[PDB]
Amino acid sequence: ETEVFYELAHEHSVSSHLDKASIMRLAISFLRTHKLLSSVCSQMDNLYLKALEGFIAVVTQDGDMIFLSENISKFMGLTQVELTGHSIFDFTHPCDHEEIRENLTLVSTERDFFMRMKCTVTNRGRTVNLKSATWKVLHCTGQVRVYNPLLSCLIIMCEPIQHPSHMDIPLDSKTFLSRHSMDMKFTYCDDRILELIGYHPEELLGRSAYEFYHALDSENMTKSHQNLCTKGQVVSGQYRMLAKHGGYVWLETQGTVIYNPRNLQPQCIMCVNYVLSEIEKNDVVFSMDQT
């Protein structure tokens, strides 16, 4: 009989009943994952994935998500069982696909990019169905590996970027928010900037953020803006902002395109800015502004 199709111990109140391809896809995917894990390798299985602010994904060169961590649900809504064994392209924005394809290939193995993935969870923290599929930007950082006709894998950690409006995470004294126009000019900034970088918000309003970028950084910062506009969210790399009276502070910024919800239009870019350093080289004057 087909009671063995009710009997596959897959890594247990969910190994009991599964529907159609769920039993098999999961199993083939598990064994392929173990095959890679042998290649990589050489209790506390609940702390690791409750500390992460993202999920782990092992995706093959064909594009198969042979492994998805158990927490994908907390960030994506879609379950590990709904997706394991399925193709990355069936759950990612099509206009991102080619990028994903060149990140799956082959010789630096490090990978850092941004993709858009289907999401059936909602802001309050309650799940929804697949017709109700929003796009969530994931920062994906990992390695592509060769393992065994050698195969090839992409082990990535996929983190969501918190929406500036909605966040239950402790905000630091070293984090401050700024609002900008599409022309990258400040339209608002926090009171803390003075305490941290030395500037009053009044003297930045109307000033484009390119005025304050250290000249070595501003092109890597346009590329990050050209990806926040293409994809709606971004994490910058570490950058230098000239301080009010000499020097520069180090920053990392999570950017988010904000849409006017009445006309569905791009209104502003909200930027959560993280101060990583104190003023460095205050003895050195870089700009005309700081004189």
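Sequential numbering from 1, following the sequence displayed. Between two forms, the rigid core is defined as the largest C-alpha subset superposing within 1.5 Å.
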Do the Cα atoms of 155-163 or those of 179-187 sit farther, on average, from the shown form in 6 other deposited structures of this protein after fitting on the core? 179-187
Higher Cα RMS in 6 other deposited structures of this protein relative to the shown form (core alignment), 260-268 or 61-69, goes to 260-268
Residue 116: absent from a third or more of the other PDB entries compared? no
Do at least a third of the other entries of this protein fail to model residue 127? no
With residue 11 and residue 12 adjacent in the shown sequence, let me know how many deposited residues between them lack coordinates: none, 1 to 3, 4 to 9, or 10 or more. 4 to 9
Which class fits the unmodelled deposited stretch between residue 42 and residue 43: none, 1 to 3, 4 to 9, or 10 or more? 10 or more
Higher-B stretch (mean Cα B-factor, as the entry records it), 228-236 or 30-38: 30-38
Give the stretch, out of 95-103 and 185-193, with the larger mean C-alpha temperature factor in the deposited entry. 185-193
Per the PDB entry, which option out of 242, 49, 257, 59 has the greatest Cα B factor? 49
Which one, 155, 117, 133, 83, has the peak C-alpha temperature factor per the PDB entry? 133
Quick check for you: using the entry's CA B-factors within this chain, is residue 170 in the lowest, middle or highest third? highest
Entry-reported Cα temperature factor of residue 222, expressed as the chain third it lands in: middle
B-factor third for the C-alpha atom of residue 162 within its chain: lowest
In terms of the CA temperature factor given in the entry, to which third of its chain does residue 149 belong: lowest, middle or highest? highest
Relative to the other modelled residues in the chain, which third contains the C-alpha temperature factor of residue 207: lowest, middle or highest? middle
